[PDB]
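Quick note, the sequences are listed as chains E, F, C, D, B and A, same order.
Sequence positions in the first sequence follow the authors' numbering and run 2 to 88.
Sequence positions in the second sequence follow the authors' numbering and run 2 to 87.
Sequence positions in the third sequence follow the authors' numbering and run 2 to 88.
Sequence positions in the fourth sequence follow the authors' numbering and run 2 to 88.
Sequence positions in the fifth sequence follow the authors' numbering and run 2 to 88.
Sequence positions in the sixth sequence follow the authors' numbering and run 2 to 90.
Just so it is clear, CB atoms sit at the ideal spot from N, CA and C, and this is done for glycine as well.
Worksheet: the structure to be examined is printed underneath.
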Amino acid sequence: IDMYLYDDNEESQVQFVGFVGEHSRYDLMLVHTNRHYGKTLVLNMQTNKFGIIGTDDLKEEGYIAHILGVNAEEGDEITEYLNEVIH
Amino acid sequence: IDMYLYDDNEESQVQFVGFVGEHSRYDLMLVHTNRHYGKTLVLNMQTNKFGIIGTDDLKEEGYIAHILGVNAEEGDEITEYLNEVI
Amino acid sequence: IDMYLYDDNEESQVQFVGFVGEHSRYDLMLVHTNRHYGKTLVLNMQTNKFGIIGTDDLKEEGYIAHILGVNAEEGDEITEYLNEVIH
Amino acid sequence: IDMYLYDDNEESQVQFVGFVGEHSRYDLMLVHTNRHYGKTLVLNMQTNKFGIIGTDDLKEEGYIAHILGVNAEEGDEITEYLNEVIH
Amino acid sequence: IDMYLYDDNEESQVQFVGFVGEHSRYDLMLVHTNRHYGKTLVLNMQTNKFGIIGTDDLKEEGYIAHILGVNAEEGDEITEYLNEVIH
Amino acid sequence: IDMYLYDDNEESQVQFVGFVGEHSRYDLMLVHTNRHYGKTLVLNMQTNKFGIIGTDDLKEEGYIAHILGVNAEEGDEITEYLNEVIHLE
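Now the structure itself:
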């Protein structure tokens, strides 16, 4: 409780959605920062979990479901929604 | 894939700590907004769990450890760090 | 297929509600006929189970959970809806 | 408990049929609608299960039986009966 | 927020009129519906008051002027228009 | 009293709801047109006031109570209600 590594600070922006799929409710939160490399922070605000996301993690199926903790059906639903707000 | 309930916006301050306690290292990034007000959220970056936290979540022994998936020590080593911040 | 008994088609008021609970999406359908004892027939459009409901079935708890095949978070929420609408 | 998605009340005739086959009695309820125009739904009333069934769903074996939770021998008959009422 | 009393629907002919008097502008919105068969209801779009007017509520001095909350000058100029619409 | 600007008419769905809150009895009428910025036209059918309500008009506190002319106890019950019967664009 003695040594620190880095304590930086950056004021960017956080978005709060709340879209709805076919049998599923989604409540998300998105943070995008130049501290990373394009991929934005994506909290699933219904499982208290999150991931660091770019075009190549959308590419890789198995993931969005695995990271945000939502079964395959839900995964694709948010994968298409993120395939519109990711650049 | 068809109806959005709501999609608000809030520019926010971002905090990214890194520190190392007695038995493990911690890599977290805090975020604070108006939505939850006197409740800020932390992003344990090694664990990819997270939580929305005020004074009265900190006072609940067992919680902060459970919320982000960690051991007892990590629960006090992080709950120690957070104590002064908020 | 060897003998028919009855083929009556009375006319009946049906209702396609859909909504969103704390975490959950519901899609329902509510058919009040004459052929029932003033009771409302509730299809769960997404469990493909249904119930003919009184007030008397609402009070008895865990019922809607059971009869529509949802857990008692959902079942409670759906019940919470049914009490509001009774006419 | 909040944000309703849709709430379309509408009136519609709902056929109840009973008939009987080689071994068991069938009581059903056919509800047709504008809604999912290419399909009518079927309420097995002894089983409190039901299905949204169109010409395509009746060429799929072990379907009605699974969907109606009935026997294979049962579903086939119901299928038999549904041919004459939907086409 | 429990026990609803009624949740009806009515397709309706709603029309909007804008006219300019000697002094003022007027923006009204008539909605005729069955649910009040006798009477056309009249929103004054710039005053956020409204009311349900019969053939006989026009023949009452200063009533129109009140219901929509306007000066006897405006009240007249509207009563003028509304007289061509009711009977 | 001498020149008109527009005499447009439209087909429109009108909802007529009423229910019992924990303190009074609300009698509403709701008219959704394709002429207002995707907004709903809430009539308080018992005070003869009305407002063009959107997602926003709601969060602007005390709003509903002021416009439909009800004390904000009554205000809240309705805001709560309208909150479930309202979307965006």
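Three or more C-beta pairs closer than 8 Å, one from the segment 29-45 of chain E and one from the segment 7-15 of chain E: is that the case here? yes
Ranges of the beta strand (DSSP E) found wholly within the segment 24-58 of chain C, counting only runs of at least 3: 26-32, 41-45, 50-54
Between the CA atoms of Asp28 (chain D) and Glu23 (chain A) - distance to the nearest angstrom: To locate residue 23 (chain A), count along the sixth sequence from 1; it is residue 22. To locate residue 28 (chain D), count along the fourth sequence from 1; it is residue 27. Spanning the two alpha carbons is a distance of roughly 43 Å.
Are the C-beta of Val71 (chain C) and some C-beta of chain E separated by less than 8 Å? Indexing the third sequence from 1 puts residue 71 (chain C) at position 70. With 8 Å as the cut-off, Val71 (chain C) does not count as an interface residue toward chain E.
For a test of the three-state rule: what should DSSP assign to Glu12 (chain E), helix, strand or coil? Here the question's residue 12 (chain E) lines up with position 11 in the first sequence. Strand.
Using 8 Å as the Cβ pair cut-off and three pairs as the minimum, do the segment 61-81 of chain C and the segment 48-65 of chain F touch? no
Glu75 (chain D) versus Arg26 (chain E): straight-line alpha-carbon distance, rounded: The residue given as residue 75 (chain D) occupies position 74 in the fourth sequence. The residue given as residue 26 (chain E) occupies position 25 in the first sequence. If you take the alpha carbons of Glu75 (chain D) and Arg26 (chain E), they lie about 37 Å apart.
With distances taken between CB atoms, is the gap from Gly19 (chain E) to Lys50 (chain E) smaller than 8 Å? Here residue 19 (chain E) refers to the residue found at position 18 when the first sequence is read from its first residue. Here residue 50 (chain E) refers to the residue found at position 49 when the first sequence is read from its first residue. Cβ atoms of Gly19 (chain E) and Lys50 (chain E): not closer than 8 Å.
Using a Cβ-Cβ cut-off of less than 7 Å, give me the residues of the segment 13-42 of chain B that come near chain A, in sequence order. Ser13, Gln14, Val15, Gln16, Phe17, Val18, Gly19, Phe20, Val21, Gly22, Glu23, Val32, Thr34, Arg36
Interface partners of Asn49 (chain D) on chain C, CB under 8 Å: Mapped onto the fourth sequence, residue 49 (chain D) falls at position 48. Simply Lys50, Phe51, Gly52, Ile68.
Report yes or no: is there a C-beta of chain A within less than 8 Å of the C-beta of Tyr5 (chain D)? Numbered from its first residue, the fourth sequence carries residue 5 (chain D) at position 4. It does; some Cβ of chain A falls within 8 Å.
So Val86 (chain A) and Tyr5 (chain D) are supposed to be a Cβ contact under 8 Å. How far apart are they, rounded? For the purposes of this step, residue 86 (chain A) is taken as residue 85 along the sixth sequence, with counting starting at 1. For the purposes of this step, residue 5 (chain D) is taken as residue 4 along the fourth sequence, with counting starting at 1. Correct: roughly 6 Å between the Cβ atoms.
7 Å CB neighbourhood of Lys40 (chain D) in its chain, flanking five on each side removed: Residue numbering aside, residue 40 (chain D) sits at position 39 when the fourth sequence is read from its first letter. Same-chain partners within the cutoff: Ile53, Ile54, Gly55.
Smallest Cα separation from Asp57 (chain B): which of B:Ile2, B:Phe17, B:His88? For this step, residue 57 (chain B) is matched to residue 56 along the fifth sequence. When only C-alpha atoms are compared, the closest one is B:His88.
Shortest alpha-carbon distance to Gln47 (chain E) belongs to which of F:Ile68, F:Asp3, F:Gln47? Here residue 47 (chain E) corresponds to residue number 46 of the first sequence, with the count starting at 1. Ranking the options by Cα distance to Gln47 (chain E), first place goes to F:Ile68.
For the alpha helix (DSSP H) containing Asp77 (chain E), list its first residue and its last residue. Residue mapping note: residue 77 (chain E) aligns to position 76 of the first sequence, counting from 1. 73-86 is the span of the alpha helix (DSSP H), which, as asked, contains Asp77 (chain E).
What does the alpha-carbon distance come out to for the pair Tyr7 (chain C) and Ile2 (chain D)? Mapped onto the third sequence, residue 7 (chain C) falls at position 6. Mapped onto the fourth sequence, residue 2 (chain D) falls at position 1. Cα-Cα distance, rounded: 40 Å.
Quick check on this structure: which residue in A:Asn45, A:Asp9, A:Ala66, A:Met30 has the alpha carbon closest to the alpha carbon of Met30 (chain B)? Here residue 30 (chain B) refers to the residue found at position 29 when the fifth sequence is read from its first residue. Considering only alpha carbons, the answer is A:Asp9.
On the CB-based measure, 16 or more other CB atoms within 10 Å of its CB, does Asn72 (chain B) come out buried or exposed? Position 71 of the fifth sequence, counted from the start, is the residue given in the question as residue 72 (chain B). Exposed: under 16 other Cβ atoms inside 10 Å.
Which chain C residues are close to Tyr82 (chain D), counting only those with a beta carbon under 8 Å from its beta carbon? Along the fourth sequence, read from residue 1 onward, the residue named residue 82 (chain D) stands at position 81. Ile2, listed in chain order.
So which residues of chain F does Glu78 (chain E) contact, with C-beta pairs closer than 7 Å? The residue you call residue 78 (chain E) lines up with position 77 of the first sequence. Neighbours of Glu78 (chain E) on chain F, chain order: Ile2.
In whole angstroms, what separates the C-alpha of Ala66 (chain C) from that of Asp77 (chain F)? Within the third sequence, residue 66 (chain C) is the residue found at index 65, counting from 1. Within the second sequence, residue 77 (chain F) is the residue found at index 76, counting from 1. Distance between the alpha carbons of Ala66 (chain C) and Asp77 (chain F) is about 40 Å.
First through last residue of the alpha helix (DSSP H) which encompasses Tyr64 (chain A): For the purposes of this step, residue 64 (chain A) is taken as the residue at position 63 of the sixth sequence. From DSSP, the alpha helix (DSSP H) with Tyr64 (chain A) extends over 64-69.
In chain A, which residues lie less than 8 Å from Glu11 (chain B) when you measure between Cβ atoms? Taking the fifth sequence and counting its residues from 1, the one referred to as residue 11 (chain B) is at position 10. Here the neighbours are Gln14, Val15, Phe17.
Would you tell me roughly how many angstroms separate the C-alpha atoms of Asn45 (chain E) and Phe17 (chain B), rounded to the nearest one? Against the first sequence, residue 45 (chain E) aligns to sequence position 44. Against the fifth sequence, residue 17 (chain B) aligns to sequence position 16. Whole-angstrom Cα-Cα distance: 46 Å.
Against chain A, with Cβ distances strictly below 8 Å, would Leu44 (chain B) count as a contact? For the purposes of this step, residue 44 (chain B) is taken as residue 43 along the fifth sequence, with counting starting at 1. Yes, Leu44 (chain B) lies at the interface with chain A (some Cβ there is under 8 Å from its Cβ).
Given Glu90 (chain A), which residues of its chain have a CB within under 8 Å of its CB, disregarding the five upstream and five downstream residues? Counting from 1 along the sixth sequence, the entry for residue 90 (chain A) is found at position 89. Once the five neighbours on either side are set aside, the close Cβ partners of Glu90 (chain A) are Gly39.
Using beta carbons (cut-off 8 Å, strictly below), is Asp58 (chain B) in contact with chain A? The sequence position of residue 58 (chain B) within the fifth sequence is 57, counting from 1. With 8 Å as the cut-off, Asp58 (chain B) does not count as an interface residue toward chain A.
Who are the near neighbours of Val21 (chain D) in its chain, counting only those whose CB is closer than 8 Å to its CB and skipping five residues on each side? By 1-based counting over the fourth sequence, the position of residue 21 (chain D) is 20. Cβ within range, chain order: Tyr27.
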